[PDB]
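Scroll down for the structure; my scribbles are underneath it.
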Amino acid sequence: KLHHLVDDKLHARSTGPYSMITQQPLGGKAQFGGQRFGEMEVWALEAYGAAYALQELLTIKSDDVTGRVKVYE
DNA sequence: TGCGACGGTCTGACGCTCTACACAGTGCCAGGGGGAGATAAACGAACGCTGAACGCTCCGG
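If you're matching positions, the first sequence starts at 1017 in the deposited numbering and goes up one per residue.
Have a look at this one:
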């Protein structure tokens, strides 16, 4: 029985702590952080040609000090 | 000037979380200027006391 237990791997977030130097969410399981949407993910969404989902994953769901609160409202 | 070569300069070196941590050897005091806190007083205000005074229902001889 390996120590890759499912109780430690599982992590989820809708809205939690945010970073300070830039207002994106921070990372990690213990600090309620969000998954990283890297460059290759953004390439995949451009290859689909989904401008709106990419825009909301880059501007709404992070990095906007006023958009996040308005979207939650 | 053409030649290699000599050299410095410069760049990145797939992706994520589960995990994830903190940081270490040599001086010393006196004189003087400001503002923080405690003090006792002060000019003005309104806060009370004085019941008085106006007016009412009143039980009444």
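Just so it is clear, CB atoms sit at the ideal spot from N, CA and C, and this is done for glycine as well.
Straight-line Cα distance separating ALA1063 from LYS1077:
Sequence index remark: in the first sequence, residue 1077 carries index 61 (1-based). Sequence index remark: in the first sequence, residue 1063 carries index 47 (1-based). About 21 Å.
What is the residue span of the alpha helix (DSSP H) that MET1036 lies within?
Walking along the first sequence from the start, residue 1036 turns up at place 20. Looking at the DSSP string, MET1036 is not in any alpha helix (DSSP H), and its letter there is neither H nor E.
Are the Cβ atoms of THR1038 and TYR1088 separated by less than 8 Å?
For the purposes of this step, residue 1038 is identified with residue 22 of the first sequence, where counting begins at 1. For the purposes of this step, residue 1088 is identified with residue 72 of the first sequence, where counting begins at 1. Their beta carbons are not under 8 Å apart, which means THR1038 does not touch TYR1088 by this criterion.
Chain-order list of residues whose beta-carbon lies under 6 Å from that of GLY1050 (same chain, five-residue window excluded)
Looking up residue 1050 in the first sequence gives position 34. The residues are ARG1029 and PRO1041.
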